């Protein structure tokens, strides 16, 4: 349905294909598939606010071509 980008402090940009219905944990599973990082360690930031594991993408008003940030420290 929709393409989103996930950037990290290392400068790496990865591109996921998701839907607004997709849960945050599903995005974390896709990041695991593409980068081998366990979901229990990923912090996803959109507009400066953490994305919580029970919620979905449409809960955070995340739509097409949006850019998230993968925090990997604390």
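Numbering follows the first chain given and starts at 1. Note that the rigid core is defined as the largest set of C-alphas that superpose within 1.5 Å between two forms.
Root-mean-square C-alpha deviation from the shown form, taken over all structures in 5 other deposited structures of this protein superposed by the rigid core, is larger for 5-13 than for the alternative among 5-13 and 19-27. Checked against the record, the higher mean CA B factor of 20-28 and 51-59 lies with 51-59. Per the PDB record, residue ranking by Cα B-factor puts residue 71 in the middle third of the chain. The PDB entry assigns residue 15 a C-alpha temperature factor belonging to the lowest third of its chain's modelled residues.
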